[PDB]
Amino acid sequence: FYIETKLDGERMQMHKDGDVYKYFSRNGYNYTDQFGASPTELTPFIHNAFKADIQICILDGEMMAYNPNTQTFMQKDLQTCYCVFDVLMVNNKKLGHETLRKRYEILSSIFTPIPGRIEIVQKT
């Protein structure tokens, strides 16, 4: 059977171009100083799980913190995790025309998750 879970966190966006990435808030703001602009530097980690020909990408999501030993998201110290529910542009291709159906499905195409640091979720 199945259990569903309503969660919320800090809405952020990620831009990706070939090892150089940027971090934008809801309002927009540069949070690249919190997470990081390259793999050497709060989520270097995520850097390599990406499919091949993906080089440039935009991904909408919301930023969560989880507890490793408890394997759950604390929503009431720990580690930062990005739960990504959408994609806008990737590999030159900005498709906002496609239904969110299509963009979520496509999301499987972009990456592969690390659990507890960057999973994937539904906006529903």
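From 1 onward, residues are counted along the sequence shown.
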Problem - Unmodelled stretch of the deposited sequence separating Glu98 from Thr99, binned as none, 1 to 3, 4 to 9 or 10 or more - result: none
Fill in the blank from the handout: Avg C-alpha B-factor, entry values, 47-55 vs 81-89, higher side is 47-55
Exercise for the section: Identify the stretch, either 101-109 or 7-15, whose C-alpha atoms have the larger mean B-factor according to the entry. Expected result: 101-109
Problem - Record-listed C-alpha B factor of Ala37: chain third - result: highest
Handout entry: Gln71, C-alpha B-factor rank within chain (lowest, middle or highest third)
Key = highest
